[PDB]
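Participant: An experimental structure, sequence included, is below.
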Amino acid sequence: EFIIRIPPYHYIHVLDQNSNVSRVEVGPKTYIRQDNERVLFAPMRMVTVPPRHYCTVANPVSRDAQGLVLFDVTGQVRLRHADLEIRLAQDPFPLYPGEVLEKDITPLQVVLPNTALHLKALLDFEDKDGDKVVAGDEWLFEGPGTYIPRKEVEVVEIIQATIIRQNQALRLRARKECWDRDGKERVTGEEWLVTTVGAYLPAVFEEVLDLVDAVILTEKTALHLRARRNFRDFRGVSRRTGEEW
Amino acid sequence: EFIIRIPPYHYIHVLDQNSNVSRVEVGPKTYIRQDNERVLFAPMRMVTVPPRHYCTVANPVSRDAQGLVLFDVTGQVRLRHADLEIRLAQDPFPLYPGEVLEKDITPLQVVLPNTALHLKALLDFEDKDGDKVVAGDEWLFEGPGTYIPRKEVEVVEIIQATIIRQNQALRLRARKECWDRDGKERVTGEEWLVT
Amino acid sequence: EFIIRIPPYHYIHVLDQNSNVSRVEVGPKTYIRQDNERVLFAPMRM
């Protein structure tokens, strides 16, 4: 049919069979379909991202410096095949040909306070402050704030901070060679204790094991302790392996 | 039908099929529908907000500095899609095309004395006194007064004050790093007593 | 019907029911008849 009335906030795609090319007919205006064109689908409401939401569209249109949608001379539109893009709140937009709504209008994820996100850089990229990120690097998005999703970064899980109370310590095992918040070199399998009172947030490599409670030494008791490796106790005594005290 | 009598305090929407555009025909006057127009619905009574109430309308019309309802040249009306707005008591108003009555005429919530509201800022905004609010910040609307709802602020629950009598103290656990009313630094899990 | 193809050397008359007025649509060109117009007769050779 030639007469194609397109309601406000809707769009259609007419296929010029001359070049078998499709173009997005978007606008609150009716359309005349000629012999050479063939509308692909009825007017579809343009997808709007409500504020505080986001959406990602498969094969985003290969726009330019001004954001003008680069259109192929043949009658198609230049697309970044197989890539993704994050589109935040804006006016309703038409799906140009060769684009798929990969991610719907989903809410921006806001982490609660004393909680963190275990992000990981799937694709090599450069972060906000010129950071030479590489594929595989892990990230901790802590804070009660909101995280704006990104193509090169994937959230793996949400970790929760561990509250270390008074007279308590938390067992931390290095999952890989790393440094402790006190800047102490750690090796894979090395376990240590963090006594800082508060909601201690576990790091990407530091693995929370358990909370160790102190033992209260009255005047009628004392503690019988045998070492397991060479070290120095709090008094500084250089105890040896197997030594009991 | 061409003859469309619109009773006082009612409105209709005629669709100019020429541009498939709808316009709000509001007024205590009859209307003539031509071949190009097509009324969408019979006269609907304009929604009035009774005093001390409020209402929120989906996709509020993108008004201007003077409040003139910016109308699209095509025959539509400029809308702030997907947003909300709080409309208090006023004269009955017509629903311009592309607007949905999100919140009816509900009463303004007045907290009783010695009670408070647990508000939280869903959307980043700036408060009354230029406060750099961020998304997620919590608010306590206490007082026997009345709270005027807002788009960027959501009430989470109504908390009730705890009466501490003589020779008594109340256990207070910090849910997060914070300061006590006596300006005492607190850490998550820290419990103290208020006398 | 909106689509009104007028062959070369032919003409039609569309009645704008708004004013019940008719105008000669002459030309080797197709025509779009809106809701307000109503073609009176098919293209007639001039």
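Facilitator: The structure has been received and is ready for your questions. Numbers count the residues shown, from 1 in each chain, chains lettered A, B, ... in the order given.

Participant: Give me the helices and strands touching the helix or strand hosting residue A:158, please.
Facilitator: The secondary structure element spanning residue A:158 is strand A:153-160 (assigned by DSSP states H and E). Secondary-structure packing of strand A:153-160 (3 or more C-beta pairs under 8 Å, 6 or more residues apart in numbering or on different chains; DSSP states H and E): strand A:115-121, strand A:138-142. C-beta coordinates here come from the backbone N, C-alpha and C atoms, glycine included.

Participant: rerun that using 7 Å as the cut-off
Facilitator: If contacts are counted by 3 or more C-beta pairs under 7 Å, 6 or more residues apart in numbering or on different chains; DSSP states H and E, strand A:153-160 sits against strand A:115-121.

Participant: The strand it packs on pairs with which strands, and in what direction?
Facilitator: Pairing partners of strand A:115-121, with direction, according to DSSP bridges: strand A:138-142 (antiparallel), strand A:153-160 (antiparallel).

Participant: For my notes, please list the ones you listed in a markdown table and give distance to residue B:15 for each entry.
Facilitator: Conversion of those to a markdown table gives the following (distance: least, C-beta to C-beta, whole Å):
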| stretch | distance to residue B:15 |
| --- | --- |
| strand A:138-142 | 49 |
| strand A:153-160 | 46 |
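
Participant: How much space separates residue A:64 from residue A:102?
Facilitator: Residue A:64 sits at a distance of 22 Å from residue A:102 (criterion: C-beta to C-beta, to the nearest Å).

Participant: More neighbours: which of those two?
Facilitator: When residue A:64 and residue A:102 are compared on other C-beta atoms under 10 Å in any protein chain shown, the one with more neighbours turns out to be residue A:102, at 14 against 10.

Participant: From residue A:1, how far off is the more buried one?
Facilitator: Between residue A:102 and residue A:1 the distance is 32 Å, computed by C-beta to C-beta.

Participant: Can you name the residues of chain A sitting close to chain B?
Facilitator: With C-beta under 7 Å from any C-beta of the partner chain as the criterion, chain A meets chain B at residues A:5, A:7-8, A:28-30, A:48, A:50-52, A:92, A:110, A:113-114, A:144-146, A:163, A:165, A:197-199.

Participant: Touching, residue A:243 and residue A:227? I think so.
Facilitator: Yes: here residue A:243 reaches residue A:227: they are 5.0 Å apart, a contact under C-beta atoms under 7 Å.

Participant: possible to save the strands paired with strand A:115-121 as CSV with mean neighbour count?
Facilitator: Listed next are the strands paired with strand A:115-121 as CSV, based on neighbours: other C-beta atoms under 10 Å in any protein chain shown:
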stretch, mean neighbour count
strand A:138-142, 16
strand A:153-160, 14
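
Participant: which residue of chain A sits farthest from its center?
Facilitator: Relative to the average C-alpha location in chain A, and by C-alpha atoms, centre = their mean, no residue lies farther out than residue A:220, which sits at 55.2 Å.

Participant: So it: helix, strand or coil?
Facilitator: Following DSSP: H, G, I helix; E, B strand; the rest coil, we place residue A:220 in the coil state.

Participant: Contacts only, for it.
Facilitator: The contact partners of residue A:220, by C-beta atoms under 7 Å, 6 or more residues apart in numbering or on different chains, come to none.

Participant: Next up, phi/psi of it, please.
Facilitator: For residue A:220, the backbone dihedrals (degrees, to the nearest 10) come out as phi -110, psi 10.

Participant: Paired strands for the helix or strand following the strand holding residue A:158, with orientation please.
Facilitator: Once strand A:153-160 ends, the next helix or strand along the chain (criterion: DSSP H and E) is strand A:162-164. Strand A:162-164 pairs in its sheet with strand A:198-200 (antiparallel), by DSSP bridges.

Participant: For the partner strand, list every residue counted as buried.
Facilitator: Under the neighbour-count criterion of 16 or more other C-beta atoms under 10 Å in any protein chain shown, strand A:198-200 has A:198, A:199, A:200 buried.

Participant: From the residues you listed, pick the one nearest chain C.
Facilitator: The shortest approach to chain C among the buried residues of strand A:198-200 belongs to residue A:199, at 68.4 Å (C-beta to the nearest C-beta).

Participant: give me the beta-bridge partners of that closest one?
Facilitator: Residue A:199 has the following beta-bridge partners by DSSP bridges: residue A:163.

Participant: which residues does it contact?
Facilitator: Shown here is residue A:199, whose contacts under the criterion C-beta under 7 Å, 6+ apart are A:114, A:161, A:162, A:163, B:188.

Participant: and which of the residues you listed is nearest chain C?
Facilitator: Taking C-beta to the nearest C-beta as the measure, chain C sits nearest to residue A:114 out of the contacts of residue A:199, at 64.0 Å.

Participant: ok, the closest one - how many residues close by?
Facilitator: Number of residues near residue A:114 (other C-beta under 10 Å) recorded here: 20.

Participant: Go ahead and confirm it touches residue A:161.
Facilitator: Yes: the pair residue A:114 and residue A:161 passes the contact test of C-beta under 7 Å, sitting 4.5 Å apart.

Participant: correct me, but residue A:28 touches residue A:8?
Facilitator: Yes: using C-beta under 7 Å, residue A:28 makes contact with residue A:8 at a distance of 3.3 Å.

Participant: Looking at the two, which is more packed in?
Facilitator: Applying other C-beta under 10 Å to residue A:28 and residue A:8 shows that residue A:8 carries more neighbours, namely 23 against 18.

Participant: Let me know the helix or strand that that one is in.
Facilitator: Once you assign secondary structure using DSSP H and E, residue A:8 falls outside every helix and strand.

Participant: And residue A:11, by the same measure?
Facilitator: strand A:10-16.

Participant: Dump that strand to PDB, restricted to CA.
Facilitator: Once non-C-alpha atoms are left out, strand A:10-16 reads as follows in PDB (Å, rounded to 0.1, in the frame of the first residue of the first chain):
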ATOM      1  CA  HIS A  10       6.900   5.700  15.500                       C
ATOM      2  CA  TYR A  11       9.100   4.600  12.500                       C
ATOM      3  CA  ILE A  12       9.000   2.200   9.400                       C
ATOM      4  CA  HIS A  13      11.700   0.800   7.100                       C
ATOM      5  CA  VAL A  14      11.000   0.900   3.300                       C
ATOM      6  CA  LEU A  15      13.000  -1.500   1.100                       C
ATOM      7  CA  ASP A  16      14.000   0.100  -2.200                       C
END
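
Participant: what residues does it touch?
Facilitator: Taking C-beta under 7 Å, 6+ apart as the rule, strand A:10-16 contacts A:4, A:6, A:22-26, A:31, A:33, A:36-46, A:75, A:94, A:97.

Participant: Just the buried ones from those?
Facilitator: Among the contacts of strand A:10-16, those scoring as buried are A:4, A:6, A:22-26, A:31, A:33, A:37, A:39, A:43-44, A:46, A:75, A:94, A:97 (criterion: 16+ other C-beta under 10 Å).
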